[PDB]
Every structure is written in C-alpha cells, then in structure tokens.
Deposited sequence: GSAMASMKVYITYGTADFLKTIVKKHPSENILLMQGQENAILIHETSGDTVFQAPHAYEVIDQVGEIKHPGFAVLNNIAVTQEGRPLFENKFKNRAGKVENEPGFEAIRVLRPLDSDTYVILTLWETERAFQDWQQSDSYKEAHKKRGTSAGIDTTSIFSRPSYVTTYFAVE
C-alpha cells in the first residue's frame, strides 16, 4: 500500500537495488535522471524518498519495459476532488494491449500526485496515447527499463 520513489544516476541507483534484493524495487531510465520505484506495505529503504500511499491499483509491478508518470500538482483543498476524479482511470487503460500496471499515488510529503502506468514497451504506451484544483501545470515523465 505504499510507494517510495527516488531519483538519481542509474549507476548509483543500482547500488540501492543490489542492497535490498527481497524488496520490489524497479529501476528505470528517464531524460533528467533515472528513477527507483519501491512498492511496499512497510518502510522506505531510501534516504529522502518521495513517499506515497497507493490509492488505486491494477496489475503487478514486475519487469515492465516502460514507465509513465503523470506528475499532477493539486491544491490542498483539491485533493478529495482529484482523488475522486482519478479513481476512474484504471478501468479504461487496463484493457490496452501491453498495459502492465497502474498506481494512483497520493503524495505524503508534497502536493504532487503521481499517476504511474507500466507498459510492456514504449510502443504499447504510444498506442494508448490516442486515448482550479491544479496549483501548477502537470507534466509527464517517461522511463525505460535498464539492463
């Protein structure tokens, strides 16, 4: 029921994955930096994570080829509406070919929700790509599986 995210260079982040082999920690490569995504009902394993509660989910986080984060800043007063709005998003996407998982992540240390989708490939995500409570513009970051 929790997700911890941290960012940094892939070479460094791999040292974290290696230390915690029992943990479900995904490493993916983005444009600004690489990302670790740790799904767990327990404690973080990172210094200074971004911490989240999983408020919606379909699918398991395993070995996706590709990850998409929609980073959506939301006013404090807007959180009920936003969560209500976006707990009607898993139902359409989950039938798309190559969809692996979705998480809707309520942020515990910021105003920025994350809608996380995992995909077999970037191509699968792009096929789907044909388908005020907000304090700042939202933005999407994408990440590829690392070897």
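Trainee: Quick one: where does the model skip the deposited sequence?
Mentor: Those stretches are 1-6, 138-156, listed in order.
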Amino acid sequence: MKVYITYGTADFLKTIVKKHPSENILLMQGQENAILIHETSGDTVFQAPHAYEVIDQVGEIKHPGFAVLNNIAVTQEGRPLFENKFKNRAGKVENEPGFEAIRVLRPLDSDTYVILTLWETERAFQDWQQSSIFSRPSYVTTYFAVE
From here on, numbers count along this sequence of modelled residues.
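Trainee: For the C-alpha atoms alone, is the average B factor greater in 6-14 or in 19-27, going by the entry?
Mentor: Per the PDB record, 19-27.
Trainee: 100-108 versus 85-93: which one carries the higher mean Cα B factor per the record?
Mentor: Of 100-108 and 85-93, the stretch with the higher C-alpha B-factor average is 85-93.
Trainee: Specify which of 44, 117, 121, 33 carries the largest Cα B factor in the deposited PDB entry.
Mentor: It is 44.
Trainee: Per the entry's values, where does residue 68 land by CA temperature factor relative to the rest of its chain, in the lowest, middle or highest third?
Mentor: For residue 68, the deposited C-alpha B-factor lands in the lowest third.
Trainee: Using only modelled residues of the chain, where does the Cα B factor of residue 1 rank: lowest third, middle third or highest third?
Mentor: Ranked within chain, residue 1 CA B lands in the highest tercile.
Trainee: Sorting the chain's modelled residues by C-alpha B-factor, tell me whether residue 48 ends up in the lowest, middle or highest third.
Mentor: Its C-alpha B-factor belongs to the highest third of this chain's values.
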